[PDB]
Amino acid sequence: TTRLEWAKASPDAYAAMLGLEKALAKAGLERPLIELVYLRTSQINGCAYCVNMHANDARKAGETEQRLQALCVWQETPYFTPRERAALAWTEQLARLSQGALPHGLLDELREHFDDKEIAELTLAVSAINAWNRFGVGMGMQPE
C-alpha cells in the first residue's frame, strides 16, 4: 500500500501539505467542484490512491455515479455546468503543464465563470492535488 512512509519521515512536509487543505477548507470555492478537480487530476496523473480517496470523498459530497463515471470523458457529455467545464479545462491544462504552453485566452475564459478570488482558490486546489499525486505515485502508494 506504500513503499515509503513519508509523513513519518518528514512530519514538517506532512504539516505543510495539510496547510494547503486547511486553506481550501476555508475557501468559498464549493466542495463538490474541488472534488471533481481532485479526482480528474488524480486520474490524469495515474495516482490510484488519490483516485480512490476522491471518488469516495466525491460521493460524501453528494456526487452521482453518472458524473463519477463520465468525469474522465467530461468534454463530450452534458453533465457538467459551464462553470465546472471552465474549471476542468483549467484542471486538464495545468495537470499537463510539462507538455506545452497554456492557450492565450484560457484565463480570460475562466474569468467569465469565476471571480478572481475563486480563480486563486481553484488554482490552489489544482496545485494541491498535483502535489498530493506526486507524493502518492512517488512513494509507491496503492489503494485498499
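All residue numbers are counted from 1 along the displayed sequence.
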Identify the stretch, either 101-109 or 63-71, whose C-alpha atoms have the larger mean B-factor according to the entry. 101-109
Assert third(CA B-factor, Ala87) within chain per record equals lowest
Of the three thirds of its chain by CA temperature factor, lowest, middle or highest, which one includes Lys26? highest
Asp57: CA B-factor among chain residues, third -> highest
